[PDB]
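Engineer: Input upload_4.cif, format and content: mmCIF, C-alpha atoms.
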data_model
loop_
_atom_site.group_PDB
_atom_site.id
_atom_site.type_symbol
_atom_site.label_atom_id
_atom_site.label_comp_id
_atom_site.auth_asym_id
_atom_site.auth_seq_id
_atom_site.Cartn_x
_atom_site.Cartn_y
_atom_site.Cartn_z
ATOM 1 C CA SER A 1 105.775 149.151 161.021
ATOM 2 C CA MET A 2 108.750 146.990 161.676
ATOM 3 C CA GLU A 3 108.796 148.203 165.336
ATOM 4 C CA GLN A 4 105.119 147.141 165.887
ATOM 5 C CA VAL A 5 106.051 143.682 164.567
ATOM 6 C CA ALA A 6 109.152 143.435 166.853
ATOM 7 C CA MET A 7 106.910 144.413 169.787
ATOM 8 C CA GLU A 8 104.379 141.768 168.768
ATOM 9 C CA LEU A 9 107.124 139.094 168.587
ATOM 10 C CA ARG A 10 108.194 140.060 172.204
ATOM 11 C CA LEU A 11 104.544 139.741 173.383
ATOM 12 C CA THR A 12 104.250 136.380 171.640
ATOM 13 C CA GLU A 13 107.373 135.181 173.311
ATOM 14 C CA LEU A 14 106.164 136.480 176.741
ATOM 15 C CA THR A 15 102.911 134.603 176.067
ATOM 16 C CA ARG A 16 104.970 131.487 175.324
ATOM 17 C CA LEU A 17 106.847 131.832 178.598
ATOM 18 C CA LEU A 18 103.663 132.641 180.628
ATOM 19 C CA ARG A 19 101.968 129.607 179.098
ATOM 20 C CA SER A 20 104.747 127.367 180.453
ATOM 21 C CA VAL A 21 104.518 129.230 183.884
ATOM 22 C CA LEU A 22 100.755 128.721 183.942
ATOM 23 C CA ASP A 23 101.232 125.024 183.258
ATOM 24 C CA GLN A 24 103.743 124.641 186.026
ATOM 25 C CA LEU A 25 101.487 126.520 188.520
ATOM 26 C CA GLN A 26 98.422 124.526 187.593
ATOM 27 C CA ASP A 27 100.359 121.274 188.223
ATOM 28 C CA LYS A 28 100.652 122.412 191.832
ATOM 29 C CA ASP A 29 96.827 122.114 192.022
ATOM 30 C CA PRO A 30 96.313 118.432 191.374
ATOM 31 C CA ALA A 31 92.893 118.401 193.030
ATOM 32 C CA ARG A 32 91.736 120.954 190.374
ATOM 33 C CA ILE A 33 90.304 123.187 193.097
ATOM 34 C CA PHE A 34 91.299 126.304 191.102
ATOM 35 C CA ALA A 35 90.706 125.070 187.599
ATOM 36 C CA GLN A 36 87.363 126.731 186.926
ATOM 37 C CA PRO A 37 85.353 129.737 188.193
ATOM 38 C CA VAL A 38 83.482 129.335 191.432
ATOM 39 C CA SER A 39 79.923 128.392 190.250
ATOM 40 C CA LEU A 40 77.358 131.149 190.990
ATOM 41 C CA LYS A 41 74.694 128.482 190.632
ATOM 42 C CA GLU A 42 76.276 126.520 193.533
ATOM 43 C CA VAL A 43 77.592 129.525 195.549
ATOM 44 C CA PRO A 44 74.936 132.167 194.806
ATOM 45 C CA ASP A 45 76.243 134.749 197.347
ATOM 46 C CA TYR A 46 79.855 134.521 196.029
ATOM 47 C CA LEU A 47 80.072 138.001 194.491
ATOM 48 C CA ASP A 48 78.825 139.526 197.762
ATOM 49 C CA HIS A 49 82.136 138.220 199.273
ATOM 50 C CA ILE A 50 84.623 138.241 196.386
ATOM 51 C CA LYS A 51 84.679 141.213 194.064
ATOM 52 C CA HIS A 52 87.218 140.015 191.531
ATOM 53 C CA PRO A 53 86.863 136.221 191.020
ATOM 54 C CA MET A 54 89.686 134.412 189.291
ATOM 55 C CA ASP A 55 90.616 130.873 188.254
ATOM 56 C CA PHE A 56 93.030 129.094 185.954
ATOM 57 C CA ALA A 57 90.608 128.749 183.013
ATOM 58 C CA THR A 58 89.890 132.507 183.075
ATOM 59 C CA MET A 59 93.685 133.181 183.111
ATOM 60 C CA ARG A 60 94.212 130.860 180.201
ATOM 61 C CA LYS A 61 91.590 132.729 178.102
ATOM 62 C CA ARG A 62 93.372 135.995 178.799
ATOM 63 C CA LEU A 63 96.768 134.494 178.095
ATOM 64 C CA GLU A 64 95.695 133.121 174.687
ATOM 65 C CA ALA A 65 94.288 136.467 173.667
ATOM 66 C CA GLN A 66 97.816 137.796 174.566
ATOM 67 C CA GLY A 67 96.147 139.835 177.282
ATOM 68 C CA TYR A 68 99.073 139.812 179.743
ATOM 69 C CA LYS A 69 101.449 142.750 178.930
ATOM 70 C CA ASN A 70 104.039 141.853 181.566
ATOM 71 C CA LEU A 71 104.626 139.221 184.316
ATOM 72 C CA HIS A 72 103.210 141.599 186.981
ATOM 73 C CA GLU A 73 99.714 141.470 185.404
ATOM 74 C CA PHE A 74 99.872 137.632 185.306
ATOM 75 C CA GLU A 75 101.007 137.440 188.918
ATOM 76 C CA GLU A 76 98.167 139.750 189.931
ATOM 77 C CA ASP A 77 95.637 137.216 188.576
ATOM 78 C CA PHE A 78 97.466 134.259 190.225
ATOM 79 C CA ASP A 79 97.445 136.100 193.545
ATOM 80 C CA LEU A 80 93.655 136.680 193.145
ATOM 81 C CA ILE A 81 93.062 132.940 192.878
ATOM 82 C CA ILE A 82 94.906 132.378 196.201
ATOM 83 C CA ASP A 83 93.754 135.443 198.093
ATOM 84 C CA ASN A 84 90.047 135.028 197.105
ATOM 85 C CA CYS A 85 90.119 131.449 198.409
ATOM 86 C CA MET A 86 91.861 132.316 201.686
ATOM 87 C CA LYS A 87 89.155 134.926 202.388
ATOM 88 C CA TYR A 88 86.016 132.958 201.420
ATOM 89 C CA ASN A 89 87.115 129.714 203.019
ATOM 90 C CA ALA A 90 88.088 129.155 206.632
ATOM 91 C CA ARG A 91 91.543 128.020 207.732
ATOM 92 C CA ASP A 92 90.371 124.506 208.554
ATOM 93 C CA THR A 93 89.133 123.689 205.042
ATOM 94 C CA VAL A 94 90.577 121.675 202.188
ATOM 95 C CA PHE A 95 90.083 124.763 199.991
ATOM 96 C CA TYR A 96 92.137 127.146 202.206
ATOM 97 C CA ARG A 97 94.806 124.529 202.658
ATOM 98 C CA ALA A 98 94.982 123.938 198.893
ATOM 99 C CA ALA A 99 95.555 127.670 198.358
ATOM 100 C CA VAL A 100 98.358 127.785 200.896
ATOM 101 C CA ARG A 101 100.140 124.874 199.209
ATOM 102 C CA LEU A 102 99.670 126.482 195.754
ATOM 103 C CA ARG A 103 101.084 129.762 197.000
ATOM 104 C CA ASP A 104 104.093 128.082 198.605
ATOM 105 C CA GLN A 105 104.880 125.853 195.625
ATOM 106 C CA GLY A 106 104.112 128.535 193.057
ATOM 107 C CA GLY A 107 106.674 130.886 194.658
ATOM 108 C CA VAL A 108 109.579 128.853 193.308
ATOM 109 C CA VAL A 109 108.199 128.901 189.733
ATOM 110 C CA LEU A 110 107.454 132.595 189.841
ATOM 111 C CA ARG A 111 110.902 133.456 191.241
ATOM 112 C CA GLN A 112 112.624 131.937 188.199
ATOM 113 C CA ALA A 113 110.060 133.313 185.769
ATOM 114 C CA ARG A 114 110.921 136.845 186.924
ATOM 115 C CA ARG A 115 114.628 136.180 186.383
ATOM 116 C CA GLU A 116 113.810 134.769 182.846
ATOM 117 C CA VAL A 117 111.618 137.703 181.884
ATOM 118 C CA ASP A 118 114.325 140.246 182.965
ATOM 119 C CA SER A 119 117.139 138.093 181.468
ATOM 120 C CA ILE A 120 115.505 137.592 177.991
ATOM 121 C CA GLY A 121 114.090 141.193 178.205
#
Would you write out, as structure tokens, the structure that this file holds?
Structural biologist:
Amino acid sequence: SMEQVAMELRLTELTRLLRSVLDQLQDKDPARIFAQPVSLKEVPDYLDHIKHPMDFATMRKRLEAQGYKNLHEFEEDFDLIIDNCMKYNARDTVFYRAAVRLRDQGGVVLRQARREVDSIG
């Protein structure tokens, strides 16, 4: 139908906007701490601690399959990256500190994204 197509154009455009959001958030991680999944070879107990692992590469795969229906779903995954790290790693670590800085800097980006998603519909 013509409606299904219209819907698909909206999802494509959301995907376009979320791709630019993802790029801006990932720039706030210049150490690449969150770029890839935590290695289960190198942290074999990880899934005993963290039940829903997340990382920027995993988000990008979902994004490119148009697997984010709305900004809320995308933000859920970004929040997992941060919250997983802040639980597994102690306060005095470069990993925890990196997550705090990503959260703080990402806030700005996500605030305007929400306005843009509502604005453009």
Engineer: Report as a PDB file with C-alpha atoms, in the coordinates of the input the full result of the PyMOL selection byres ((chain A and resi 95) around 10) when it is applied to this structure.
Structural biologist:
ATOM      1  CA  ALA A  31      92.893 118.401 193.030  1.00  0.00           C
ATOM      2  CA  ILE A  33      90.304 123.187 193.097  1.00  0.00           C
ATOM      3  CA  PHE A  34      91.299 126.304 191.102  1.00  0.00           C
ATOM      4  CA  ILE A  82      94.906 132.378 196.201  1.00  0.00           C
ATOM      5  CA  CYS A  85      90.119 131.449 198.409  1.00  0.00           C
ATOM      6  CA  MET A  86      91.861 132.316 201.686  1.00  0.00           C
ATOM      7  CA  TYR A  88      86.016 132.958 201.420  1.00  0.00           C
ATOM      8  CA  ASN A  89      87.115 129.714 203.019  1.00  0.00           C
ATOM      9  CA  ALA A  90      88.088 129.155 206.632  1.00  0.00           C
ATOM     10  CA  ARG A  91      91.543 128.020 207.732  1.00  0.00           C
ATOM     11  CA  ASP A  92      90.371 124.506 208.554  1.00  0.00           C
ATOM     12  CA  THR A  93      89.133 123.689 205.042  1.00  0.00           C
ATOM     13  CA  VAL A  94      90.577 121.675 202.188  1.00  0.00           C
ATOM     14  CA  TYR A  96      92.137 127.146 202.206  1.00  0.00           C
ATOM     15  CA  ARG A  97      94.806 124.529 202.658  1.00  0.00           C
ATOM     16  CA  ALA A  98      94.982 123.938 198.893  1.00  0.00           C
ATOM     17  CA  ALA A  99      95.555 127.670 198.358  1.00  0.00           C
ATOM     18  CA  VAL A 100      98.358 127.785 200.896  1.00  0.00           C
TER      19      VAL A 100
END
Engineer: Rounded to one decimal, what separation in Å do you get between atom CA of residue A:9 and atom CA of residue A:62?
Structural biologist: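 According to the coordinates, atom CA of residue A:9 and atom CA of residue A:62 are separated by 17.4 Å.
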Engineer: Do you know which residues the PyMOL selection byres ((chain A and resi 110-121) around 12) returns on this file, as a PyMOL selection string?
Structural biologist: chain A and resi 7+10-11+13-25+69-72+74-76+78-79+102-109
Engineer: Give me a file of those residues, with C-alpha atoms, as a compact mmCIF listing (two decimals), in the frame of the given file.
Structural biologist:
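Final file, selection28.txt:
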# COMPACT_ATOMS: atom_id res chain seq x y z
CA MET A 7 106.91 144.41 169.79
CA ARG A 10 108.19 140.06 172.20
CA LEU A 11 104.54 139.74 173.38
CA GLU A 13 107.37 135.18 173.31
CA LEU A 14 106.16 136.48 176.74
CA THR A 15 102.91 134.60 176.07
CA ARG A 16 104.97 131.49 175.32
CA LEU A 17 106.85 131.83 178.60
CA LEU A 18 103.66 132.64 180.63
CA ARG A 19 101.97 129.61 179.10
CA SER A 20 104.75 127.37 180.45
CA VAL A 21 104.52 129.23 183.88
CA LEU A 22 100.76 128.72 183.94
CA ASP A 23 101.23 125.02 183.26
CA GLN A 24 103.74 124.64 186.03
CA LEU A 25 101.49 126.52 188.52
CA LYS A 69 101.45 142.75 178.93
CA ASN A 70 104.04 141.85 181.57
CA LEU A 71 104.63 139.22 184.32
CA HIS A 72 103.21 141.60 186.98
CA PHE A 74 99.87 137.63 185.31
CA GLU A 75 101.01 137.44 188.92
CA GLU A 76 98.17 139.75 189.93
CA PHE A 78 97.47 134.26 190.22
CA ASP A 79 97.44 136.10 193.54
CA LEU A 102 99.67 126.48 195.75
CA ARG A 103 101.08 129.76 197.00
CA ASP A 104 104.09 128.08 198.60
CA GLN A 105 104.88 125.85 195.62
CA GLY A 106 104.11 128.54 193.06
CA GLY A 107 106.67 130.89 194.66
CA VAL A 108 109.58 128.85 193.31
CA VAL A 109 108.20 128.90 189.73
Engineer: Just give me the gap between atom CA of residue A:52 and atom CA of residue A:87 in Å, one decimal is fine.
Structural biologist: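 Here the two named atoms are 12.1 Å from each other.
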Engineer: What gap, in Å, lies between atom CA of residue A:47 and atom CA of residue A:84?
Structural biologist: 10.7 Å
Engineer: Quick check on the file I pasted: which residues fall under the PyMOL selection byres ((chain A and resi 37) around 10)? Write them as a list in words.
Structural biologist: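 Checked against the file, the PyMOL selection byres ((chain A and resi 37) around 10) matches residues 33, 34, 35, 36, 38, 39, 40, 53, 54, 55, 56, 57, 58 and 81 of chain A.
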Engineer: Box in all listed atoms of stretch 13-20 of chain A, axis-aligned, with 6 Å more on each side; write out centre and edge lengths in Å to one decimal as JSON.
Structural biologist:
{"center_x": 104.7, "center_y": 131.9, "center_z": 177.0, "size_x": 17.4, "size_y": 21.1, "size_z": 19.3}
